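Asks: So that we are looking at the same thing, I have put the structure below in structure tokens.
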Amino acid sequence: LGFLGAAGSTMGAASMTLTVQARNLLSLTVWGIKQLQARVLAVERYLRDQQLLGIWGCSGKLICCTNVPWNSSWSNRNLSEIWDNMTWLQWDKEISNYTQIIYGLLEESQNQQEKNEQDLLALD
Amino acid sequence: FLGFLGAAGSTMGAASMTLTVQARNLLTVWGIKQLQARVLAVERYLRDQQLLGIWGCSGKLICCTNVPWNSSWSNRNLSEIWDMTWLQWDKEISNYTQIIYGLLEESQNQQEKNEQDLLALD
Amino acid sequence: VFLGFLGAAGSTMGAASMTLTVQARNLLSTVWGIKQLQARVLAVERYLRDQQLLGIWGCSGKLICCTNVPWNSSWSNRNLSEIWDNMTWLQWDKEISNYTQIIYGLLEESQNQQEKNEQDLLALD
Amino acid sequence: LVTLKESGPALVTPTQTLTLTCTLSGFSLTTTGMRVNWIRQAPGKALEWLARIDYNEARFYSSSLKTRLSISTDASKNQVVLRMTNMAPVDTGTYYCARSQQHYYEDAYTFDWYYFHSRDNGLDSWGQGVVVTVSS
Amino acid sequence: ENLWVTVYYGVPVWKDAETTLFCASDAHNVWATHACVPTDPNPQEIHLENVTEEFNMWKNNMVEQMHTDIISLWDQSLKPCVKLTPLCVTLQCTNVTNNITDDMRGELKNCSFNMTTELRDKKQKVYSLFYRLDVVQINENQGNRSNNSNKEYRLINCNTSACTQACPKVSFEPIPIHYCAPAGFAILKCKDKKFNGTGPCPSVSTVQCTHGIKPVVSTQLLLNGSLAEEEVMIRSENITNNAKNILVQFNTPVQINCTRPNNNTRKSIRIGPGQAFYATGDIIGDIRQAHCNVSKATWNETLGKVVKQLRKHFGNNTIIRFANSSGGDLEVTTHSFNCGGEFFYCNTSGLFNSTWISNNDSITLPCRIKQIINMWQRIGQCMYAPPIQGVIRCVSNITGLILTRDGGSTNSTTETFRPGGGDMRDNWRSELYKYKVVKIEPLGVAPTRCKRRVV
Amino acid sequence: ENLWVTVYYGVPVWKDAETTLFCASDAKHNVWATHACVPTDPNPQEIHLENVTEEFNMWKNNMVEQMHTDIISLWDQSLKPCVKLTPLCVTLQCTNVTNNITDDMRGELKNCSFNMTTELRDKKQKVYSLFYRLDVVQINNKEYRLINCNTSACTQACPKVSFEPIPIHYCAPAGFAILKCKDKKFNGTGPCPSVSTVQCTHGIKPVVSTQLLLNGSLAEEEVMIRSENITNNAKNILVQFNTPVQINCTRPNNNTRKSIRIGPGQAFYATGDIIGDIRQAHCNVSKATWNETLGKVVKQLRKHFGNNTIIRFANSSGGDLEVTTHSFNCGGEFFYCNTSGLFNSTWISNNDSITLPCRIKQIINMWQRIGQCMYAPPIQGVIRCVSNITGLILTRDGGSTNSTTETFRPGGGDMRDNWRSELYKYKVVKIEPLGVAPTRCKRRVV
Amino acid sequence: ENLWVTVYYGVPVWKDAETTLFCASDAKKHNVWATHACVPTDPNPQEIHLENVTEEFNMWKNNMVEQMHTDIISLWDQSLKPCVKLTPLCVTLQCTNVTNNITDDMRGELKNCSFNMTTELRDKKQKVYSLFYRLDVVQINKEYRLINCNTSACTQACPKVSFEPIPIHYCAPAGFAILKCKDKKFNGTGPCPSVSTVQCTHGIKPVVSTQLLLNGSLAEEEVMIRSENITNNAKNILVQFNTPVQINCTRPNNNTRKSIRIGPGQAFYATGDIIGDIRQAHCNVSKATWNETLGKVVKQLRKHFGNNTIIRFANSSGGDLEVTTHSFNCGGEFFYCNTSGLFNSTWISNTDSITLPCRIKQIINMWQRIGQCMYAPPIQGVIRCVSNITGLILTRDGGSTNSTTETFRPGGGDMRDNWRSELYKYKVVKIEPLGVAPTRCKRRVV
Amino acid sequence: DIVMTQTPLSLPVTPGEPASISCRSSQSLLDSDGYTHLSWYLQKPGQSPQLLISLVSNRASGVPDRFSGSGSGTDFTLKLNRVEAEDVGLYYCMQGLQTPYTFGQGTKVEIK
Ligand SMILES: *[C@@H]1O[C@H](CO)[C@@H](O[C@@H]2O[C@H](CO)[C@@H](O)[C@H](O)[C@H]2NC(C)=O)[C@H](O)[C@H]1NC(C)=O
Ligand SMILES: *[C@@H]1O[C@H](CO)[C@@H](O)[C@H](O)[C@H]1NC(C)=O
Ligand SMILES: *[C@@H]1O[C@H](CO)[C@@H](O)[C@H](O)[C@H]1NC(C)=O
Ligand SMILES: *[C@@H]1O[C@H](CO)[C@@H](O)[C@H](O)[C@H]1NC(C)=O
């Protein structure tokens, strides 16, 4: 419990508590300009991640499912040993250089889904 | 169109219809003062938006969830509640507000796990 | 993303509507420090102004989202095939900027009436 | 060298206005710190300061003889004239003149002429003095 | 129960909080810097009926922010001006007698001192006319200087702080500024005609920005202020306490004509490289004391109205008396204000020289002009006001007074009221009496017969 | 049977607006504060835009004004930590210079002597320095004073920083883009058929020149003429070249820099003595290249005034030396060259280098600022500086009677005209992602 | 049998990054450090322990110490900016030795200097006198001058502000976190098996010293020695004490402070005639507890340098007073103590108080800057302060004695090691809430 | 006026013998700047008075080294190390603190 307290827990156990980490993303002298620049950087980083999530099919969703098939060559692991045996940090260190190719395909998949929904809703 | 914050004295039924005019209105010494005030206003908006976006009302300014309304919170009949005012109603629910927020957060976090487990059956 | 940022500016609106992710992704990216901070804050406020205006409608998290408002024939007065096949997004704005404010105002009352209809609908199940 | 000379009538009748002319040599009263005094001395008695005039026309007189003394000067011929009205026979004695200065110094950083104190700082030179006899 | 919770974003709710209200002007005058955003040409004043808000003064943060902002603006205005550090020299002054009068005998000194030129090695001897309130004798010993003797003087700020001089290209005119609230905050304007200093306002109306607030600076009489609606008002934190200033607001204004009949001349000397000191030149014509004219009948009627309003807070059979200031320095014991770049210090003993029993002509107020002004009760940050060429005239509206109740009496006898005025925040408290900033909370919960549909 | 409005987020729609751009440097102290600037991208790729034309308009964009204010602010901030020359405003006893004074430099250099304070304020010292005639004025052997004594005292330029113009790049922030033109036949204003989008502009040299553009870009096809109103002689004419010519500005005076201790820690770098020979500084430009360049200017300039007209190149119209002479800076020494030998010819309808006498000024007040200013310390040794003449700033005369004899004289109104010749293709713009368009789509309701 | 990538928001994933930390202090007139404008800290800071995670902490590379050094330098310069500059003090002083109740050790340490100083009036001066220490005055050819006269002028510290090291807390901004290593036996580099996150770090006193860590943090269980390279003679090997020893530094001279009107509105606080006898300042350290602490230090050093190897602590190896003497601040005045009496022993295998002479300087260069100095005003009364030393900054000597007779001598002129002895448990990480993981779920088409 | 008292009235001393002339004032002659203003004057028989000491201790230019002065506040003594045959005359004191300046009664010096 508490911010990041679920960092050492498994992937399945840490997925249950995510609001505790999501709420902490906002929270003459040089202190004023320093804290102002830090506040701007923090809100800008939160906005960048929120818009990166919003361009996909997850708008304000923590547990969001996606219809994109998972490539087996990305991890070569099953579902049991990655959700009940490993943590989030160990999972991040395995696909550190495979994140951009997943993020790029997610945007095109959502772009195709949006046009497929728009064209289907226009025919009646 | 009563105008910005013009429905404060009206009842809940009339104030709940024109609340979008208040929702869209939430967005040298003068330079630093203006920059600090603008930063404070921007961070003050996003915080509320996230508390809302955390629940199942990310882009819904009028939404009704499935959390049970504890009578202890108000112990007040429903017909007379809609037609006091929001100013007269906020001072009483103030003590129960944080409890309500926590309940809403928990329910949404579960609902998401339930929909994730529901999509795994097919 | 092969076309790049603003690469579909001179193209037709039909072909440019499938590449709106790059434009939306590029919206965020001492006296010099204070002007840089002012520029960053201005970009943030410009993004929130469009985001909240799109969020008050029924298009909070959708790039291509439709609305329940009948299109006035006097705004365009032409066909539909010639709009999405030869006209560009730049020249279309010059034809709609004269009354875009009224269209935006309509998109607000329609979402308000649809939301109160949904609120009254969710009453027995 | 700086020298001072006084002149006036040696024999002055009673109840007559006495004038004394002092000639300045080697210096001028127009300097930023110069001032000329006037001290009289009775025969076989102590000295008595009568009056003085500064560079900025600041005239100072004695408390007992304020209504009888009158000092003045001009920058044309560089002379100081002291006037004494209603002369008494007890006023017979030697009348001297003196020179004093504020000792203004020039700064090295800025070129302003400063000083440490705003007083006489000793009477440097003295005049020869004339003998004024008040008798009928 | 069939009731469930529903969330509404946009609910109208208020909360007291402190924010940095920004300004707005109708649009060199660097005192306001002219970089502030212009106000809207059509200020929307939305009326908020069926609601009462508890308004309370003397604790509002808008007056404190305005005080700090005007202090910072004054410091920023005096920042690029020329410092008067080399002016601290032995001034060989003397009394002026060129067409002098009986009331102005010794009030003006004809000073002479050494001054620096554009070159450091060369010096110049300039002549200036300083007031008696701006010079202090250095060597007060060695007395009995001839009646017409050059005594040695020095400026008052020489032993406190070598301050700057007000630039002539800027003006100290009270340009009205509107304090606006940022996003997520609102300004509530109490439009009650009979609004009292502390209490729930019946008719409240929100507004995006306040009206034209002229930042006038005064100590005893409120000049160019906002008048009342129909009846004069009197406000105080504790009317039974004699240690609190009794604010008074008028409903009709009294015309006050302040003037300086001396035909002043301004001479500019090169105090240094690129820096110039505007000294006071030779006076043209006769020399007369500056004064202010107040109508006798209008002031008597206004005083009678104030006395009538003072009979309801206390016993109406009590004898209301008006006396002058108790004493102290000229910054508080006299009515200090600015009139066309020249600072006046008027003696208001003639105004508060009457008693009231529960049963055209004009008065002249002698004023003295001072050039060294700390301006904010400071001890090391003053300013030098340069002389203004020609005569000076002013037409103001005394819309209020800052009275101080003199306690210690008993049995409801001889209730006297003396003018006061401590901190400068009391001058702006009579202008921001209708405004109060509030923080809006658009989030709110309520019960309704709903449930999230399982999809 | 009708359409329905459908909103689109992220449409490529632009709107002209003003935005404060941010710097970008290669990060290779500097007078332009390269350390206080965001590093540039290793490869700012361009996005070519097809089937679109943008209406460009020069002399009205806020980029040149923003760059002008940025250059002034950077110049003042980089000069702020330097020492002040306030005690230098004293009486100077100057005499003429000996050691075989030439005829051209006769009376142009003076040997001034003055009293200055050492590290201790209670002690003086008699120091001497060499000051040019343009930096001193007589007081009415004679007494002299600096030309900046009645105005403001000028700070000396810290020898630790250099005056070399480091190329800076201006980029648009989030939500803004800087469109650039790419056609060879680019007019002063009007529509551009080849518009491209790039995140950061190319390397702009912040050079300060008043008469001839130095170290700038070159035209890809031919000499182009740009002006707000070519028929109006009040507006300056901006000319750019396609092939630049080389100028060889040298300072043959081999001087020695002498440090004078004026106070605690602060030092005043004064001109000690001319150990070498004394000669006038000059710039050398080939007569053949200049004649060919002028022959290319008339060919591409007669299209705006006719082929049968006769144009004449004259020298400066007169006024201040800093506005009538070609002013620049090479290695810390500010030059002021007399360009009367260049713009002196007449064109009819159809040993090998030109020397230009240049003056050297130490107390220079750059831009149109009067109060603020700077003292340039003397650079020891022979100064050698070569550069490319990439443009001119001309100005016509009034009257224009009998449609012939059009006299052209060099201009030099403001420094903005230099940066205007470099930022001619770029133009800032504001993008709008909101878009409204109708279609047959209809939102499904519950 | 099918897997689909899903997006999770708010995952507990962090990455190392650099950012600006906040300011936090208690709500308990002025201060040279973080003033009242600093953000107040929370009375109950949250500390969440994290299991199953081994973070790789590494000091001497973290940006926390560099950021603290930069903002401490900025605070010092900002506090000294509005104070009165001592530039007119550069005058010749006719100093003489003091003999009123002099001692055998304080002979010639203080100089009774008299000089001509300007008063409030520009055309008037005064003959004042002041007592200056021998370490801040130098002869010219009886005539002396300040040591900072030939360098940058010093700014007299305002008496309103104080040099008391009020503890501050560096809070991380939103999206970042501070990880604290809970391992008691954790050295400088290595994976910490017990890392616990925290919102804001504990109270870090901004005390600056050169050889002993005054008022520092104590070790949890035993003396720890940290160094980048334990085999290198350089890199400033530092230690940490598990238990503190008391040191009593005092100035027995009953000094007085006199105000001299240096200018209009400026006052130069000088030194008047001291009351009573004179004596040299000293620091008292008990021999028993210091010997026991030194015995723990050799025991903790033998595990790194091998057993049966005799080690020797000796005094500094030369340089200026700032590195050769233990410098610190006690009550407002700056001390410079001869620490040779402490590090003077030879520890052989299988094995009432110490007084340290100190010198007080008024004109100092606190940091490693020549252009910025500050004159500390003399505070009246007897100075006395009791503190705790929790560490030393030792330095080895190169040699080929076959790992025998390892001489350890203090040093460490850098201030960042002092600052790092408190920020070693903390590090800054950047939270990455975006994460991707595969699950058997597909988004339905609607 | 500040009354000045000089003791003794006559000082008969032999040549080569030290002598001292005391002096007092009604009030302290210390100026606000820290300078004590008091001067000594010698009037030879048949000659005008000349300055000897200024500001209590500062000796005049060209005056002999034997003349010296000391004191502070309201007590001032003029110490003479050696009395010569030419030093005979009238010695006068003077205060320069404020106007009018008052002289002492004098001290006649005659050889024994
Ligand atoms: C103390 O820090 C040292 C480094 O100074 C650590 O030494 C490591 O030792 C292992 C032994 O196998 C080497 O492989 C590593 O390369 C060393 N680390 C480094 C960074 O050089 C040592 O582990 C640390 N001790 C503790 C208890 O953490
Ligand atoms: C109002 O509330 C009271 C108390 O719960 C309840 O008894 C009553 O029936 C309610 N009235 C109506 C009209 O619903
Ligand atoms: C010095 O040169 C000036 C002209 O610059 C001339 O007037 C003057 O006579 C010259 N003086 C001498 C001594 O040659
Ligand atoms: C003052 O003390 C120093 C140090 O002991 C000594 O060298 C010097 O001679 C002394 N000077 C006098 C005048 O006693």
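The listed protein sequences correspond, in order, to chains Y, C, S, G, U, V, A and H. According to our numbering, the first sequence is numbered sequentially starting from 2. According to our numbering, the second sequence is numbered sequentially starting from 44. According to our numbering, the third sequence is numbered sequentially starting from 25. According to our numbering, the fourth sequence is numbered sequentially starting from 1035. According to our numbering, the fifth sequence is numbered sequentially starting from 4. According to our numbering, the sixth sequence is numbered sequentially starting from 355. According to our numbering, the seventh sequence is numbered sequentially starting from 6. According to our numbering, the eighth sequence is numbered sequentially starting from 4. Even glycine gets a Cβ: it sits at the ideal position worked out from N, Cα and C.
Sorry if obvious, but does the Cβ on A:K190 come closer than 7 Å to a heavy atom of ligand 1?
Replies: yes
Asks: Where the beta carbon is closer than 5 Å to any heavy atom of ligand 5, which residues qualify, in chain order?
Replies: You won't find ligand 5 in this model; what it holds is ligand 1, ligand 2, ligand 3 and ligand 4.
Asks: If we count Cβ pairs, one from each stretch, closer than 8 Å, do we get three or more for the stretch 750–768 of chain V versus the stretch 726–737 of chain V?
Replies: no
Asks: Distance check for H:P103 and H:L32, CA to CA, integer angstroms please.
Replies: Approximately 13 Å between the Cα atoms of the pair.
Asks: Please determine whether the Cβ atom of A:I235 lies at a distance below 7 Å from any heavy atom of ligand 1.
Replies: Yes, since a heavy atom of ligand 1 falls inside the 7 Å radius drawn around the Cβ of A:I235.
Asks: Just mark S:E133 as buried or exposed, buried being the case when its beta carbon has 16 or more other beta carbons within 10 Å.
Replies: exposed
Asks: Is it the case that the Cβ atoms of A:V290 and A:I252 are separated by a distance below 8 Å?
Replies: yes
Asks: Cβ of A:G113 within 7 Å of any heavy atom in ligand 4?
Replies: Distance from the C-beta of A:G113 to the nearest heavy atom of ligand 4 is below 7 Å.
Asks: With 16 other CB atoms within 10 Å as the buried threshold, where does Y:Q113 fall?
Replies: Counting Cβ neighbours within 10 Å, Y:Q113 comes out exposed, since fewer than 16 surround it.
Asks: Any beta carbon of chain G sitting closer than 8 Å to that of H:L58?
Replies: yes
Asks: Please classify U:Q140 as buried or exposed, where buried requires at least 16 other C-beta atoms within 10 Å of its C-beta.
Replies: exposed
Asks: For U:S28 versus U:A20, is the C-beta distance shorter than 8 Å?
Replies: Pairing U:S28 with U:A20 gives a Cβ-Cβ distance that is not under 8 Å.
Asks: Would you report the Cα separation of U:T417 and U:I242, rounded to the nearest angstrom?
Replies: U:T417 and U:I242: Cα-Cα distance of roughly 16 Å.
Asks: Just to confirm my understanding: we take H:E20, look at its own chain, exclude 5 residues before and 5 after, and list those with CB closer than 7 Å. What are they?
Replies: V86
Asks: List the residues of chain C that Y:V44 touches, going by C-beta distances under 9 Å, in chain order.
Replies: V82, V85, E86 and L89
Asks: DSSP has U:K86 in a bridge; who is on the other side?
Replies: U:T167
Asks: Tell me whether C:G145 is buried or exposed, calling it buried when 16 or more other Cβ atoms sit within 10 Å of its Cβ.
Replies: exposed
Asks: Out of U:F355, U:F346, U:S357 and U:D429, state which residue places its alpha-carbon closest to the alpha-carbon of U:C370.
Replies: U:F346
Asks: If C:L70 sits next to S:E69, beta carbons under 8 Å apart, how far is it from one beta carbon to the other, in whole angstroms?
Replies: 7 Å
Asks: Flag U:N150 as yes if its beta-carbon sits less than 8 Å from any beta-carbon of chain H, otherwise no.
Replies: So, not an interface residue.
Asks: For U:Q145, tell me which candidate among H:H40, H:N61 and H:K82 has the shortest Cα-Cα distance.
Replies: Here the closest residue by C-alpha is H:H40.
Asks: Give the DSSP-derived three-state secondary structure of Y:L90 in the structure shown.
Replies: helix
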